Participant: 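Structure provided below as structure tokens; questions to follow.
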Amino acid sequence: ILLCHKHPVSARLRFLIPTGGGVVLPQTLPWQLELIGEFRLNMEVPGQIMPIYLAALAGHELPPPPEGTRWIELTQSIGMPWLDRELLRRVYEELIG
Amino acid sequence: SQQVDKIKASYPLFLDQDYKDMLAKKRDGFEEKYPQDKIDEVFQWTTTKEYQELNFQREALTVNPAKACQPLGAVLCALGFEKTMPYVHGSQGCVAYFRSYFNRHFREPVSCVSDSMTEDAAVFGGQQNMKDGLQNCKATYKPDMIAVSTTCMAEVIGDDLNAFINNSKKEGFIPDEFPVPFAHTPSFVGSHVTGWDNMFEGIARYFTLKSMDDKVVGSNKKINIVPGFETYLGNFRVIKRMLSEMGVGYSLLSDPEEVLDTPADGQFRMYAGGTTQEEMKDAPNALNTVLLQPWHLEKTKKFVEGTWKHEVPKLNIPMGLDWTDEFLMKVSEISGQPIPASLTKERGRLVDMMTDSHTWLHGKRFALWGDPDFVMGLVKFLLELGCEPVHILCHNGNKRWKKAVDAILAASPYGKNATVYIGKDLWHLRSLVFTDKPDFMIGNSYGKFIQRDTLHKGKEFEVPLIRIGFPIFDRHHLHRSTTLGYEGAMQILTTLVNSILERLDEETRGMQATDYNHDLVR
Amino acid sequence: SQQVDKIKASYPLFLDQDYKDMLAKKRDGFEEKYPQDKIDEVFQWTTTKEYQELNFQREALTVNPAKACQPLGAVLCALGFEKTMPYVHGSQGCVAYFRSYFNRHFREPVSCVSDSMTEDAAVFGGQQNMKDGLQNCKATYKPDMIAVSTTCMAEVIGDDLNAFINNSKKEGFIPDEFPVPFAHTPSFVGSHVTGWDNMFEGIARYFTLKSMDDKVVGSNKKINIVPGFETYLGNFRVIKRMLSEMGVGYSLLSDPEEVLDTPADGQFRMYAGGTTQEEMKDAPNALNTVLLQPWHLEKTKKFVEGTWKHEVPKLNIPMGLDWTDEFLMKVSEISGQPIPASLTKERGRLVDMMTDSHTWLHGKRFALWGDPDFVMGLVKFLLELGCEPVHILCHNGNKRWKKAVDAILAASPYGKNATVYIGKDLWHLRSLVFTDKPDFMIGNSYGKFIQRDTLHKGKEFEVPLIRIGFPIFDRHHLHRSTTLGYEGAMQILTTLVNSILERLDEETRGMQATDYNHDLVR
Amino acid sequence: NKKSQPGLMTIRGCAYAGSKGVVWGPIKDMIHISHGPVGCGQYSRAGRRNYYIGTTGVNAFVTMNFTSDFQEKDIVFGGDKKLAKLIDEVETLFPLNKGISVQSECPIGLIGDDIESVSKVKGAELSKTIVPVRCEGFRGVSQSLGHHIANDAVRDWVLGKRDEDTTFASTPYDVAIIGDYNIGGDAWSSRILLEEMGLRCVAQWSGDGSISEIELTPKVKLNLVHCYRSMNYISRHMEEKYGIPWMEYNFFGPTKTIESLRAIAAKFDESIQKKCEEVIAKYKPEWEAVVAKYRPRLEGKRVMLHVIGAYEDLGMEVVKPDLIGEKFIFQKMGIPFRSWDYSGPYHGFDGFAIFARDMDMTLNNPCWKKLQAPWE
Amino acid sequence: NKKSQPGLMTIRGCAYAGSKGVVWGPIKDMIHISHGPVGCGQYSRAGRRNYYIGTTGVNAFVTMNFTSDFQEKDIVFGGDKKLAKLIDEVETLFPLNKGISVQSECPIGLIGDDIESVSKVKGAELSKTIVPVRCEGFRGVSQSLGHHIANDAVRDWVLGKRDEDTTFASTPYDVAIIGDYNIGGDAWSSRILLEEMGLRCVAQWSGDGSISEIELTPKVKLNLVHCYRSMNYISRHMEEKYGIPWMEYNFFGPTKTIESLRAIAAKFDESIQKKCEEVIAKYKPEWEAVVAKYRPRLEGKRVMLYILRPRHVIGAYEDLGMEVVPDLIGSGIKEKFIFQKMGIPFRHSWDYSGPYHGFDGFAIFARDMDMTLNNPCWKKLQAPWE
Ligand SMILES: C[C@H](CCC(=O)NCCC[N+](C)(C)CC(O)CS(=O)(=O)O)[C@H]1CC[C@H]2[C@@H]3[C@H](O)C[C@@H]4C[C@H](O)CC[C@]4(C)[C@H]3C[C@H](O)[C@]12C
Ligand code: ICS
Ligand code: ICS
Ligand code: CLF
Ligand code: CLF
Ligand SMILES: [Fe+3]
Ligand SMILES: [Fe+3]
């Protein structure tokens, strides 16, 4: 599950990602949350095909992040490995693009 | 309160007593404003020489700059070509600002597109943005050519314009034979005139670099004219008119005067006139290439001399009397066409106007600013008129240009009290016109505030502004004026002498106090 | 006292404390001046409506007229012919005043001679004066033609110009074949435009009346253009340029723009350009004759329709947009030439400027004055701009012209608050602008004093002057402007909108008082 | 609220335009540094007509352009030291400024500059409120993200500066005008009506706004929001933190103005309602005269476009449109077109007269009837 | 003083120009009617820069144009009734005027109009000084006869008004400035020097002149005549009637100014001479600095002048080291643009500058001469390709 919040007015896309590493949730890649049906992505982990969906936090106020998690923007992903940067790009293109 | 018979706009509606009381209550109750005597003391300090010394020690802060960024000049250059869309690869806000700026200066529609680069482009680059933007622009506006510049975003993230355009052509987003010239225009380097130079060099390279084998200098018996960053349509028109009068075949590359002066007849024209692609392709076949504004056409000069093998003449901007004469002589020498009697008569009429107005013009002190070539041409014309430039400011000038202007000033007795400033903004010029008061300022609309500041010191300290340059926002249709050639010299002379006479009339309009000098004949 | 570093002219030298004290001592000791409070009371009374009632009851006194005498217009008309000497049979002081007036307006040499009629001429007549003057003028200035007008002296004593010139030719003072057209120009009839009309009619009768047997209308496929009393060289230039653009063969009779714009090249040119005698002799062969200013060309119209058999079109002055359109359409119909795309584009550009500036031009109130045709053209253009010409003054207008202007105003919603005044002078207009204050006043330099008067009542009562008309003495090179055609309308619109903008900028330059509306973009 | 199609001509601004141009720039007693190259600050200088009262260059700096003027060295090596030196020079040359905002342009966030740390250090050193705004133009799809970032900066650096300060004497009629940028004096025309109603406008920002007014905003009883789109973030934040209710007011046209005045007065006691009735009665003849003068010459005209009510009050249909509310393109097409360009105010009863006069002037100008050449 | 040759571009004016334009027009508190058609009044309106202090249209009327505006009926039937009605209208619309003059244009003396009787009748009725001037332009050969006629009118209608009045407090240092028309403030620059000498300038006309000053002129001890040509008649008449000596003073250039100041002070006691020496010492550094600044730029230049008696302007040109015989030519506006077309630097109206008289005027004169003679525009007459 990839967790993000898009503001209804400014369209500010903030991603709820673990503070340690990666962007996926609830575990490292090997609230009123609404699922985005049109978004689906599959990654071929050893011995299993794993789908990841998009959950959108509804409302106008960004909630404080839980422990071990942080709200980041696409620009803040600079320096992070390519794979989760591309995942964030796919989410951004589906939501903002 | 509004009376339907005499409706008041913001001025002087907010001068009404109720509005004055409400504003005073707002200021006293919640604004926590500094005391009025205190503001007066600080302003008087800002008008002093000590404040000028503190102001000229600035190294990191720029206040009221007198320059723009490169992609604006690139857009202006792109608008000068036939059915050409300016395309600034980068963020949309840049294009919005460019369009608003040129709309306010020209009071005309200004066409320009962006590929709307955003955070995703900040992370991954704008290759997909380039492909989609080129495809959509070609499909929607049907331009014959798309001239591509860059915003600071694409320059900082290191977007390869050539590779992006080549990949767009390869993947079928645009046809391979569709002309897409490009130029890197870093807004942190130079100014808008640098962007104009870069865009023109990119277009010329795109159209001529790979086809120089079949080019012979002088084949078409024409002269290439590169105007540079020019925001006076009258200058394009006067150059074309003078070349036509001389009987000289010419190619005015980047001619935007038609698209910036579209008639209002119930139909909107996105494109109008402009340099054709055939003219660009046939440009190396010209006898020579004359740069109207050489001091911001360095890259264009290098490309023309190193690729077209054109012996570009050492010509100043055709401004004033002597430099227009030199331009006409050089054109005559290159083309072999004698200067006709009509141009001689026009020069004589300009000399007659100078003789008629020299009494009012002589000894007048001017603080001026603008682009390097325009500023140096104005300084040369003022020296020709017997006027005294005192503060010559060019925010986008360099050391070599300053040395050339100093050499020009030293050659005239009227340049003794002249100082040339490069890299200084209009706050520096405000300090200069406070500490060393000139008679008048010559510059764009941004100088009006300076005038206001001078009027705050007192009527005797007020420096009136003369709106010559770019951008002029608070006046209408001044962009149609001419500053080049004898016609431009006459227009500038008339503006200067009539500004002097208007100021004198205002100063002598007081009945029984100063109206003894309110002469009917001046 | 004077400081050599900054030498002061009369202003502000006489503002010095010693000069102020000396002037105060003079006034208090020997001038026996009225007390300042009484002067202020009388001025305030002169600004009132009851003073306007007293002023408009004037029957015998004229204060600050807005017209001149016939021989001035006759001299101007004579200056428009090739190598032609204006020769005013009468007193020398008239010619001196004419030359000084035209020198101050045009800032150019003005050639005109007088036969120096004196008391002996007052007793026995100016026949000997005419003979000697014609002989001396022909010997000294070698003109191709001498055009003879009259001063009030010769008209009052009743000198017969025809008999005098016939006796001069018969007795050998001048060759019998030498062209000496004449016109009676009584200064107590009409105004300077009437003198222009009389001079042109006399020249046309001299060159055409006796040789109409072989004349066929439309033989030369040209259109005669009579400009009338015109003091804008740009008007002649724009008429010629527009007719050349249309491809229309034309004959501009009385073309003085060449002799009034001689170049400064170290040589004095007594004559330059002008209508040739062959053009005048071939005038009846034209397809038609177009009068640019029909309201002071009545005698010329009668001669041209009655002798040349030309069906002179009923055309207004080509001023503004609609009347320029009608002039171009009539020229197209007469000549059979279509209106070219360049003129259509220029008209569209004028419409575009009108659309750009309509927000600042709409609803503005103007008090204007000048010659009848110029005034009615200006009123028509102002109505086309949405402006309100509240006070229309024409000292040399008549009842028929007033009826025509009233009909024009009734055809526009913006003429409801407009009043036409004929036979009124600038003191009447001063009363009008004090009692019914307009936003601006358009007129010659004589309006500046009115502005001064308004500024004496207060800054809020000041009516700024826009200098369009004749004569303009306190500004330089405004005679080169254009008021006819789309180009003239463009120049007028730019002047009006920019005058409004300078007025607004001056009214909003007060820091922390009115500078909230001191907008950069307008 | 999605990304615009690349390669299309759009009027969308950037986050810098939304933050510096709209929200932060009108604050008169503050100095706003366009951090980055010269272009963004130059094109936005005095572009918007956020009217204010002050001595420009001494205690007010709205129409001035403070910029870092980034060069290639600033891009390569960063501009944090340049920002600190610039802040020092600003304090030297403009002592009467009451605060500094640093509005980031596109390169600032791409070269890894930390303007937050510089702002904190310099604000602590100079005892000055320095507000870093991460309003890079490439962020977001329009000016809406600029509004959001500017509102967040206001909340984080300015709004809570008087949270523990109880020295402000409050009245039950305390209101704050939010989201009115005083375009041509719109906020003043609204404030005169509000204060005639017996209310005390403690805060009015951004238009003619002071930093002290922003700091005093959390002390008011009601938040009257003019532009919900740009200031809804701060409105909701104040509602949740300080428990201050907010309502949108519309003073565009006499009918909407009367309705909004009555709705605002309903929040307060009977005396405020009576004062609102007196204000409505006093201003009724003026707007009635405006209608009687201008509606007959504007009745039945079609407008192609909050602002509906004023058009209806002039009897104009709203949707061959006679008017379009991209200006020069429609001007070339020949349809009259109407931030207000060069006029105003249009809000309030005083603004309605100007609005009606301008609509009649533009719609009925003869210039629109001269488009066709008589020979074509 | 002979008749100019007909048809030879004569530069001379008329009698009306010499009377209305020169002598009567500068009188600020009087209203001067250009009696006749509109042209003469229109062309002479504010043509000369006779500077004055006053509220125009209320108590001063110099730059105004009052005319009878003769029509055909006025020529056929006369304009005496029209003149009387015009005088009544002037009284009703300009109540603060302190006198009226009626300057005749050419038709007045030809249609047999009697303006003297109208003037006497209306002046008796209104208790106002009305001066009829028969300055018809055809009279004489130039403006000299106009000066003579205007001087005779002054003598016959204004000068002797206070003959029987002895209430004026007279001092031994009473002088009257005659013939200075205050062109650009020349008379003021002369008067400041004269009064700094301890003298009391009781009268100063026509320039910045009042009718009361003309009436008070017979009370002065000395008559300082600036323009001998125009006011020699009135000076001689005053000498033979009131026994007032008159002398010509030249304040054009520091040398002539010092010589004239000493000559004037020699007509009074030792205190006036001491004050003259003090004034000369005070103004010596200023004109010395002006000379040091401008003489090097103007040394050796040749001048030809055709504008008055000669040697009046020669002194100031020699004070700048400018030889007088060309690098500069001084004439009127009618020849100004002609000699400009020849390309010779050119300088009546003072080219809308001034004053040129006195020490303060010398600085302006030197600056103007340097500006015109050394202007670069004179070096650009030849096209560089020709
Ligand atoms: C009071 C004033 C005259 C004062 C006077 O006589 N000064 C004479 C000047 C001489 N002195 C006294 C000032 C100096 C000396 O002589 C000092 S000494 O006696 O020699 O010691 C009279 C004369 C002209 C009058 C105005 C006009 O009609 C126009 C108008 C008509 C309306 O219906 C009512 C208002 C108006 C404004 C009138 C008001 C007033 O009625 C005026 C100013
Ligand atoms: S701030 Fe907004 S686009 Fe609310 S970015 Fe935009 S000066 Fe518009 S509809 Mo230009 S949300 Fe203001 C606006 Fe409205 S610039 Fe002005 S007119 S009331
Ligand atoms: S009066 Fe004469 S033409 Fe003596 S008519 Fe003329 S203000 Fe001249 S050379 Mo103008 S005899 Fe005065 C004169 Fe000299 S008007 Fe002035 S400058 S010193
Ligand atoms: S989207 Fe907005 S306006 Fe654009 S840059 Fe970015 S913050 Fe600024 Fe700036 S200097 Fe010129 S105009 Fe740009 S290319 Fe850079
Ligand atoms: S010499 Fe002198 S200026 Fe000449 S008329 Fe005679 S008084 Fe007068 Fe007058 S109106 Fe025109 S300008 Fe004459 S023709 Fe008559
Ligand atoms: Fe336009
Ligand atoms: Fe000239």
Side-chain angles (χ1 to χ4, degrees), chain B residues 245 340-353 356 486-487 490, chain C residues 73-87 99 102-103 105-113 137 141-147 179 181 196 199-200 203-204 206-207 220 222-245 248-283 286 290 292 477 479-482 484-485, chain E residues 337-338 340-342 383:
Chain B
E245 261 186 44
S342 67
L343 284 189
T344 308
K345 169 141 73 207
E346 178 159 36
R347 179 196 188 280
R349 276 156 176 180
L350 164 65
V351 170
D352 179 77
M353 267 169 69
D356 286 337
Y486 305 130
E487 164 174 315
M490 310 178 177
Chain C
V75 163
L76 180 56
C77 176
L79 283 170
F81 292 84
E82 179 193 41
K83 299 253 293 285
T84 291
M85 189 36 95
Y87 179 111
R99 290 181 70 211
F102 277 147
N103 287 339
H105 176 75
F106 289 109
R107 288 165 206 290
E108 285 291 286
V110 177
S111 289
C112 179
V113 292
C137 172
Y141 304 109
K142 327 273 220 322
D144 276 4
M145 176 167 103
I146 287 168
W196 200 106
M199 197 64 260
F200 185 84
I203 293 157
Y206 184 86
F207 276 112
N220 60 12
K222 282 208 273 235
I223 308 184
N224 292 326
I225 303 291
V226 189
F229 192 100
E230 207 101 60
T231 50
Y232 283 115
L233 312 180
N235 285 349
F236 308 105
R237 276 153 199 171
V238 76
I239 289 304
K240 294 196 264 187
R241 192 262 288 157
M242 280 200 284
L243 293 185
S244 296
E245 274 183 299
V248 169
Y250 70 93
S251 202
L252 185 68
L253 317 178
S254 180
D255 185 15
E257 67 105 352
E258 218 69 24
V259 82
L260 293 165
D261 209 12
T262 42
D265 51 349
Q267 153 195 42
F268 166 66
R269 303 175 170 82
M270 177 136 267
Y271 317 107
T275 301
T276 74
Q277 297 178 24
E278 304 53 59
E279 282 177 309
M280 281 311 300
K281 279 171 247 174
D282 208 48
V290 171
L292 291 192
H477 319 305
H479 68 279
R480 323 178 54 88
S481 320
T482 307
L484 297 182
Chain E
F337 303 107
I338 279 143
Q340 258 188 18
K341 288 309 200 265
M342 263 136 282

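Naming convention: chains lettered A, B, ... in sequence-line order (proteins, then strands); numbering from 1 in each chain.
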Participant: If I compare all heavy atoms of B:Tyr486 with all of B:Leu343, which pair ends up nearest, and what's the gap?
Facilitator: CE1-O, 3.7 Å
Participant: With side chains defined as the heavy atoms from C-beta onward, is the minimum distance between C:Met145 and C:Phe207 less than 4.5 Å?
Facilitator: yes
Participant: Could you check whether any side-chain N or O of C:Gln267 sits under 3.5 Å from a backbone N or O of E:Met342, counting only pairs where one atom can act as donor and the other as acceptor?
Facilitator: no
Participant: For residues C:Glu108 and C:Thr262, report the shortest heavy-atom separation together with the two atoms involved.
Facilitator: OE1-OG1, 2.8 Å
Participant: If you apply the rule side chain to side chain contact (heavy atoms under 4.5 Å, CB included), what do you find for C:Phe268 with E:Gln340, and how did you get there?
Facilitator: CA-CA 8 Å; C:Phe268 166 66; E:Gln340 258 188 18; over 6 Å; no
Participant: Would you say the side-chain atoms of C:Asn103 pair up with the backbone N or O of E:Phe337, donor to acceptor, closer than 3.5 Å?
Facilitator: no
Participant: For C:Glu279, check side chain to side chain contact (heavy atoms under 4.5 Å, CB included) against everything at least two apart and list the hits.
Facilitator: C:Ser251, C:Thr275, C:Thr276
Participant: How long is the span from the NZ atom in C:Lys142 to the SG atom in C:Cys137, to the nearest 0.5 Å?
Facilitator: 11.0 Å
Participant: Once you measure the plane-to-plane angle for C:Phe81 and C:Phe200, does it fall in the parallel (<30°), tilted (30-60°) or perpendicular (>60°) bin?
Facilitator: tilted
Participant: Between B:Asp356 and B:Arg349, does at least one N-O distance fall below 4.0 Å, as a salt bridge requires?
Facilitator: no
Participant: Tell me every residue that passes salt bridge (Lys or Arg N to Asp or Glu O under 4.0 Å) with C:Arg99, counting only those two or more places apart in sequence or in another chain.
Facilitator: none
Participant: What is the distance from atom CG of C:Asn220 to atom CG of C:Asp282, rounded to the nearest 0.5 Å?
Facilitator: 4.5 Å
Participant: Any chance you could measure C:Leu260, atom CG, to C:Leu76, atom CG, to the nearest 0.5 Å?
Facilitator: 7.0 Å
Participant: Testing C:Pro256, C:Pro86, C:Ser111 one by one against C:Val75 for a side chain to side chain contact (heavy atoms under 4.5 Å, CB included), which residue passes?
Facilitator: C:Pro86
Participant: Please tell me if the side chains of C:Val259 and C:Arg269 come closer than 4.5 Å, counting only heavy atoms from C-beta onward.
Facilitator: no
Participant: Taking the side chain as every heavy atom from C-beta outward, state whether C:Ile225 and C:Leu253 have any pair of such atoms under 4.5 Å apart.
Facilitator: no
Participant: Look at C:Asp261 together with C:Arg480 and state whether they make a salt bridge at an N to O cut-off of under 4.0 Å.
Facilitator: yes
Participant: Could you give the distance from CG (C:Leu252) to CD1 (C:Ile223), rounded to the nearest 0.5 Å?
Facilitator: 12.5 Å
Participant: If I compare all heavy atoms of C:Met199 with all of C:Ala78, which pair ends up nearest, and what's the gap?
Facilitator: CG-N, 4.3 Å
Participant: Under the salt bridge (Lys or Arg N to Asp or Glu O under 4.0 Å) rule, collect the residues that match up with C:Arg241, sequence neighbours excluded.
Facilitator: C:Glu245, C:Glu346, C:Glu487
Participant: Among all residues two or more places apart in sequence or in another chain, which pass the salt bridge (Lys or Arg N to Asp or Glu O under 4.0 Å) test with C:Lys83?
Facilitator: C:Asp144
Participant: Is any side-chain heavy atom of C:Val226 closer than 4.5 Å to a side-chain heavy atom of C:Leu292?
Facilitator: no
Participant: Hey, what do you get for OG (C:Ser244) to CZ (C:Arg237), rounding to the nearest 0.5 Å?
Facilitator: 14.0 Å
Participant: Sequence neighbours excluded, which residues qualify as salt bridge (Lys or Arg N to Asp or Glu O under 4.0 Å) partners of C:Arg107?
Facilitator: none
Participant: Looking only at heavy atoms, what is the nearest atom pair of C:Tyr271 and C:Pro143, with distance?
Facilitator: OH-CB, 3.5 Å
Participant: What residues, two or more places apart in sequence or in another chain, satisfy ring pair (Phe, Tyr, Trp, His ring centres under 6.0 Å) together with C:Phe106?
Facilitator: C:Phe102, C:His479
Participant: Can you confirm whether B:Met490 sits close enough to C:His477 that some side-chain heavy atom of one is under 4.5 Å from a side-chain heavy atom of the other?
Facilitator: no
Participant: Side chain of C:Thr84, backbone of C:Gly80: donor and acceptor closer than 3.5 Å?
Facilitator: no
Participant: Return yes if some donor-acceptor pair links the side-chain N/O of C:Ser254 with the main-chain N/O of C:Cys77 below 3.5 Å, else return no.
Facilitator: yes
Participant: Any non-hydrogen side-chain atom of C:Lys222 less than 4.5 Å from a side-chain atom of C:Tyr250?
Facilitator: no
Participant: Is a donor on one side and an acceptor on the other found under 3.5 Å between the side chain of C:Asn224 and the backbone of C:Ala283?
Facilitator: yes
Participant: Does a salt bridge link B:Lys345 with C:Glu258, judged by any charged N lying under 4.0 Å from a carboxylate O?
Facilitator: yes
Participant: Less than 4.0 angstrom from a charged side-chain N to a carboxylate O is my criterion; do E:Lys341 and C:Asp265 meet it?
Facilitator: no
Participant: Any idea which heavy atoms bring C:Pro179 and C:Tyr206 closest together, and the distance?
Facilitator: CA-OH, 3.3 Å
